C-alpha cells in the first residue's frame, strides 16, 4: 500500500544500490508500491541497457524520468563532477514533480545530491537520504561544511580521527565543484527523516554506536543501516560461469577498479606484469586490440593463458562463485558490500574519493587488507600480497565470518532487515 519514490542519481555506483533498494521494497516482506526516478539523459550508454532490463524484470515498479540538461564541458572540471552538480542544482524541481504522482507518496528515498532541493522546497515530502558510501565516509561528508585547515587530521568528537591522507583534497577547497554540492546538500541532512546506509551494524560498529549515542554529529537524523542490499537478477547470466566451474575452489582472483577509467597505461602494464608473475588465475575488468599492444604480444598471451581480460561482468555472480578466492578492488562501496555479503577477502588498492576510508573500514572489519602504497610499485605489490589474500589463512576466515554476519543482517530478524521493516511499518 505505501507509495514510495526511490530517487537515483548518475553512474553505476549510484544506480545499483537504488535498483537494489527499489526491488527490495517492491517485494515481500515490505510490499511497497515503488516508483523509481531516473535522471535523464544517462551519463553513459551502458546504464541505459541496465535500467531498461530492470524495469522489464520488475513490472510492478514504475519508471519516472527526470530530465536535467548536460552541463557544458570545461578544461579543468571532471565530467562526472559536472553532471553531479547539474543533478544537485536540479533538485528543487523534485517536490512538484513528485507531488504530481498518484497515489499519494508516503516517503522519498533519495540520492544525497537531491538533499537541499527536497528538504528546502515546498511541498515538504518525508525524505530519507540514502547514501551510497560507508557510514565512515558519510560522517566525513556531513562534516564538510565545518571544514576551514589541512594542517592536521579532522577530528570529529567521538569518532576516530580522519587522517589528512584519506580526506579527498577537494574538501579543503569550498569552491571546488565537488565540495560545493557536498556542502549545499550536507547542510540540510538535519531535515531528512533518516540517513539510510548500505552497511550493517557489525561491519561499522564504532561509527554507528557513536552516531546512535546522540553525542556525535548530533544534528544528523537517525543513521539507519539497511544493508547489504542483496542483488538483482538479470535475463543474461554471467558468460564466464562455466569457465569458473572448471577452476579449483578459491583459486581465481577477481580484479576490478570499477566502472570509470581508473589507471594509466603504465599502471595497467605493471598490473599485467604482476598478475603474469603471480601465475594466479584471474578475471580482470580492464578499463581487445588496445590490450594486445599495451601489454605486448608475449605478456598478453601469458595473461590470456591464466585469466580472462574482460570489459564487463555480472560482478555479484563472479563474487558468489566458489572458484573466486580473492578480490583486488579500489573499494568503491558497492563492491565492498557485494564482497562482504559473499565473504570474499579483499586486497584494497584505493585511488580517490571515499575509497581510502572505505579501504580502512575493510581492514578494520577483517574483510581484507589495505596496501597503502600499492601505486608506488604495482608489480611488486601484487606479487607480494596476492598469495596472502588467496591463501587458506586467518584473513580468509575473518572474511568468511563477515559474510556470515552480512547474511545474518539482512535475513528475517537481522539488524538491517529489522531496521528497514521499522521504516516501512512507520509509513503513511
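Numbering follows the first chain given and starts at 1.
Engineer: Please determine whether residue 149 lacks coordinates in at least a third of the other PDB entries of this protein that model its flanking residues.
Structural biologist: Yes, left without coordinates in at least a third.
Engineer: Does the deposited sequence hold unmodelled residues between residue 148 and residue 149, and if so, how many: none, 1 to 3, 4 to 9, or 10 or more?
Structural biologist: The entry has 1 to 3 unmodelled residues between residue 148 and residue 149.
Engineer: Taking residue 287 and residue 288 as adjacent modelled residues, how many residues of the deposited sequence between them have no coordinates (none, 1 to 3, 4 to 9, 10 or more)?
Structural biologist: Going from residue 287 to residue 288, the model skips 4 to 9 residues of the deposited sequence.
Engineer: State which stretch shows the higher mean Cα B factor in the entry: 187-195 or 151-159.
Structural biologist: Per the deposited B-factors, the answer is 151-159.
Engineer: Look over 51-59 and 368-376 in the entry and identify the one with the greater average Cα temperature factor.
Structural biologist: Comparing 51-59 with 368-376, the higher average CA B-factor belongs to 51-59.
Engineer: Per the PDB entry, which option out of 205, 326, 174, 222 has the greatest Cα B factor?
Structural biologist: That would be 174.
Engineer: From the list 400, 70, 38, 362, select the residue with the highest C-alpha B factor recorded in the entry.
Structural biologist: In the PDB entry, the greatest C-alpha B-factor among 400, 70, 38, 362 is found at 70.
Engineer: Can you work out whether the C-alpha temperature factor of residue 315 puts it in the lowest, middle or highest third of the chain?
Structural biologist: It falls in the bottom third of the chain.
Engineer: What third of the chain, by the recorded C-alpha B-factor, contains residue 80?
Structural biologist: According to the entry, residue 80 has a C-alpha B-factor in the chain's highest third.
Engineer: How does residue 209 rank on Cα B-factor within its chain, lowest, middle or highest third?
Structural biologist: For residue 209, the deposited C-alpha B-factor lands in the middle third.
Engineer: Report the third (lowest, middle or highest) to which the CA temperature factor of residue 414 belongs, ranking only the modelled residues of the same chain.
Structural biologist: As the PDB entry reports it, the C-alpha B-factor of residue 414 lands in the middle third of its chain.
Engineer: Mind checking which third residue 406 falls in for C-alpha B-factor across the chain?
Structural biologist: Answer is lowest: the recorded C-alpha B-factor places it there.
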